[PDB]
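Okay, here's what each chain looks like letter by letter:
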Amino acid sequence: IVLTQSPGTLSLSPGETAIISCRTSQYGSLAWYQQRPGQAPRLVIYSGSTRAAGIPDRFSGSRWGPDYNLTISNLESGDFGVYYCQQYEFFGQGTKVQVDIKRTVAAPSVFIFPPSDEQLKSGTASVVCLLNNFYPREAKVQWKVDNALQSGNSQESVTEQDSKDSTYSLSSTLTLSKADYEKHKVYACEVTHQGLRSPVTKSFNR
Amino acid sequence: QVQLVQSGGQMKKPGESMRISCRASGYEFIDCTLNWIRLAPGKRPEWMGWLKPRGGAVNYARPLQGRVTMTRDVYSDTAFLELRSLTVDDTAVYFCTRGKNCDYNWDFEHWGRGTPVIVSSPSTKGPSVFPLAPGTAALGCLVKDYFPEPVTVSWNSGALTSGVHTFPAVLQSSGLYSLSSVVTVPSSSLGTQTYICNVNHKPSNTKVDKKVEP
Amino acid sequence: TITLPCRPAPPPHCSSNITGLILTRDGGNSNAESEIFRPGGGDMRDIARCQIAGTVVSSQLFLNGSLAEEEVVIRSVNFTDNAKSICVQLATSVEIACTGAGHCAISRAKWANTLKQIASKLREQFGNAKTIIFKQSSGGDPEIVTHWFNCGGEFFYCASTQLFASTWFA
Ligand SMILES: *[C@@H]1O[C@H](CO)[C@@H](O[C@@H]2O[C@H](CO)[C@@H](O[C@@H]3O[C@H](CO[C@H]4O[C@H](CO[C@H]5O[C@H](CO)[C@@H](O)[C@H](O)[C@@H]5O)[C@@H](O)[C@H](O[C@H]5O[C@H](CO)[C@@H](O)[C@H](O)[C@@H]5O[C@H]5O[C@H](CO)[C@@H](O)[C@H](O)[C@@H]5O)[C@@H]4O)[C@@H](O)[C@H](O[C@H]4O[C@H](CO)[C@@H](O)[C@H](O)[C@@H]4O[C@H]4O[C@H](CO)[C@@H](O)[C@H](O)[C@@H]4O)[C@@H]3O)[C@H](O)[C@H]2NC(C)=O)[C@H](O)[C@H]1NC(C)=O
Ligand SMILES: *[C@@H]1O[C@H](CO)[C@@H](O)[C@H](O)[C@H]1NC(C)=O
Ligand SMILES: *[C@@H]1O[C@H](CO)[C@@H](O)[C@H](O)[C@H]1NC(C)=O
């Protein structure tokens, strides 16, 4: 029995509502814990919608079927941090309400990097997808090999919102080994973003 | 006013045993079931077991079944957690908790300040640096398969500041961190200027310098 | 016929019928292939809340208590809650016999039959078909770990380590 929280990282400015979702796989009262940086985690909501001690009415829990929502009506500094959902002994992966300076929308400049030949000798092969200077942080990257989607073989990372830019950059590390890699000749990285009219694709041949 | 005061942070070597105390006052100790939860960075919270003080009844989480043992002392109002056969995975901040109400066990209102443990194998893995090469162009370095955190990269020994983005490391299934560090430069510049990234990894004392040739 | 290491040796009149028992359920989950069950792990409030008890004060095993009609009946406040004790009541009792020599004998085949009934009912509650493991207690005081009961104002400690060491499939 597992608990799935979405989104993984929710980011937005102070003074606006934050909404977190937790999908359950079984019945049983569900709790919500806030964890500020460096501090012990704090019980926010229990039994679905009832608030614990010292929790303001800006926090509310909502449930429909197997889905649970924690909505924080008015974001204050103390609310930012990482939230977990719980059902009996099991926890959700977590969500990270972090600050986000609002600015104009910027489309990502995309680059694709074929694996180093020396790495290819070592037996492995890492294709990298770079997305630079885009707003907002929410953006989807899709790995296709010979026009075929891939799952779980890839990993991601996003920069802190760069002070000058107020803009996010993302790196997607697609990892394979020499065998599978050489077999498929052609690879493509697909980027879908708010500031983008059409899903920009960046590809290459072996 | 319930208080859960626990032991101070520890450093342990891999394969060793660990004992942590947690004494509590503000409520009648024998009444409420006590739990242990470890929080690993970038990892799901994990419940270790509960311990019912009246008779010392105990329920260990199944993944930890062999290596976890927790006991209690009724008279000084305290509970002890013991973790044997430590592995680098087991580095976490360890909390003792008690529920809001005395027996619905799972609404953890009360937490200790936490006891951070750090098992770190003297075995370290040097970074493997692999170049990334192509209006404007981008070229970078892939710092793959190193251990443990952290590494600090730079460019041209610090001559390059603008356009450089170093990314938070990523834990591959290998158990080894791999991050990337890219920089955007003019397309013309590819021929004119040489671009060297400087990977500095203090845990292994390795300091790799790598060139990104077009 | 399984015997019990018992301290101290229990006189013949202490020999009695077993009515039910207390099972604590090991916290999951791994993969829902199997479930682990252990005796006791139940506070006195759990025992009282169970309401099947007789006169005899005991841990792990209900003694001299009321039987339930036809099928073995399992009850808990919430089965998905592993912090809550599972109460098991039997339609057919199991006569635990103490010689007075220090070892309490018991019908092994009969206890196998009752256990199979319990496992069947546990599957009914915990999903159509999960393999069920019966292991000895995780730890605690002798009264919780060992089967402990009171006879004539005197306490006795018997080890159910031999008892709870089974595994059932379906
Ligand atoms: C251990 O303890 C825990 C608690 O800590 C126990 O967990 C509880 O277990 C309960 C029973 O197992 C369980 O009740 C269920 O819940 C079902 C789901 O409930 C949610 O979803 C409802 C809508 O679902 C629809 O959509 C989803 C997906 O979209 C589908 O999966 C569904 O099939 C539907 O299509 C939703 O309405 C409901 O909210 C109501 O209830 C909340 C209570 O928490 C209220 O806060 C909320 O406002 C809603 O209240 C409305 O409805 C109630 C009446 O239900 C009414 O009093 C209010 O005034 C208001 O009008 C959740 O969001 C749900 O489908 C079940 O309901 C059916 O079965 C019951 C009988 O049990 C019927 O009386 C009822 O009419 C309904 O009939 C359906 O089933 C019939 C046959 O079963 C069938 O004939 C008929 O056609 C219908 O299909 C039932 O309530 C709890 O949800 C759960 N609690 C938690 C927190 O998880 C756990 O069980 C314990 N463990 C053990 C082992 O005992
Ligand atoms: C239980 O009942 C039997 C007969 O019903 C009796 O002999 C015995 O003394 C009672 N008490 C115990 C602890 O067995
Ligand atoms: C247990 O109960 C049976 C009948 O229910 C009875 O014959 C027997 O004497 C009782 N006591 C023992 C120790 O078996």
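Residues numbered from 1 in each chain as written, not as in the entry; some residues may be left out. Chains lettered and ligands numbered in written order. Heavy atoms only, no water. Residues with missing side-chain atoms left out of burial classes, pairs and counts.

In the PDB header, X-ray crystallography is given as the technique by which the entry was determined, and 3.250 Å as its resolution.

1. Quick word on the overall build of chain B
Tallying secondary structure elements over chain B gives 1 helix and 18 strands in all. Taken over C-alpha atoms, the radius of gyration comes to 24 Å for chain B, far larger than the 17 Å a tight globule of 214 residues would show. The C-alpha extent of chain B, read off along each of the three principal axes, is 75 × 30 × 25 Å. (Helix = DSSP H or I, 4+ residues; strand = E, 2+ residues; numbered from the N terminus. Rg over C-alpha atoms; globule rule 2.2 N^0.38 Å.)

2. What to know about the state of the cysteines
Applying the stated criterion across every chain, the model contains 9 disulfides over all chains. With its sulfur 2.0 Å from that of its partner, B:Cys22 forms a disulfide with B:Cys96. Taking the sign of the S-S torsion, about 55° here, the bridge from B:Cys22 to B:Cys96 comes out right-handed. With a gap of 74 residues between them, B:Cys22 in strand β3 (residues 18–25) and B:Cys96 in strand β9 (residues 93–99) connect regions that are remote in the sequence. Taken as a pair, B:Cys22 and B:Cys96 share a single burial class, namely buried. There is a disulfide in this structure between C:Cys98 and C:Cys104, and the S-S distance comes to 2.0 Å. Between C:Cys98 and C:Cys104, the S-S torsion sits near 95°, and that sign places the bridge as right-handed. Both residues of the pair, C:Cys98 and C:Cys104, count as buried. Each bonded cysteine of chain C is numbered by sequence order, and under that numbering the disulfide pairs are 1-8, 2-7, 3-4, 5-6. Of note for chain B: the bonded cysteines, numbered N- to C-terminal, pair according to 1-3, 2-4, 5-6. (Disulfide = S-S within 2.5 Å. Buried < 20%, exposed > 50% of the residue type's maximum accessible area, 1.4 Å probe, protein only.)

3. A short note on the site of ligand 1
As a structural note, the neighbourhood of ligand 1 is formed by A:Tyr27, A:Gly28, A:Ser29, A:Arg63, A:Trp64, A:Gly65, A:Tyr68, A:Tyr88, C:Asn78 and C:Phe79. More than one chain reaches ligand 1: its neighbouring residues belong to chains A and C. A distance of 2.7 Å separates an oxygen atom of ligand 1 from a polar side-chain atom of A:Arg63. Contact with the protein chains hides 28% of the accessible area of ligand 1, taken as 1600 Å² for the molecule alone. Each residue belonging to the shell around ligand 1 can be placed in one class, and the counts come to 5 nonpolar, 4 polar and 1 charged. (Near = heavy atom within 4 Å. Polar contact = N/O pair within 3.5 Å; in protein donor to acceptor, adjacent residues only side chain to side chain. Areas by Shrake-Rupley, 256 points an atom, 1.4 Å probe, with all protein chains shown as cover. Nonpolar A, V, L, I, M, F, W, Y, C, P; charged D, E, K, R; others polar.)

4. Describing empty space enclosed by the protein
As a volume, the largest cavity reaches approximately 80 Å³. In terms of lining residues, the largest cavity is bounded by C:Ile18, C:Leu21, C:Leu61, C:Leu90, C:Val94, C:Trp111, C:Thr114, C:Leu115, C:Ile118, C:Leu163 and C:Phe164. Counting residues per element, the ones that place at least two in the lining of the largest cavity are β2 (16–25), β6 (86–98) and α2 (108–126) of chain C. Reported here for the second largest cavity is a volume of approximately 60 Å³. Around the second largest cavity, the lining residues are B:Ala57, B:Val58, C:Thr24, C:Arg38, C:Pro39, C:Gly40, C:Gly41, C:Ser137, C:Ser138, C:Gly139 and C:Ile144. If you list the elements that add at least two residues to the lining of the second largest cavity, you get β6 (57–60) of chain B together with β3 (34–39) of chain C. In terms of residue class, the lining of the second largest cavity is made up of 4 nonpolar, 6 polar and 1 charged. (1 Å grid on protein atoms, 1.4 Å probe; cavity = no way out; pocket = protein on both sides within 12 Å on 5 of 7 lines; lining within 4 Å. Points joined across faces, edges and corners; volume = space filled by probe spheres on them.)

5. Some thoughts on the site of ligand 2
Around ligand 2 sit C:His13, C:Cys14, C:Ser16, C:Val56, C:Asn64, C:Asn150 and C:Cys151, and that is every residue in its neighbourhood. Among the residues making up the shell around ligand 2, the classes are represented as 3 nonpolar, 4 polar and no charged.

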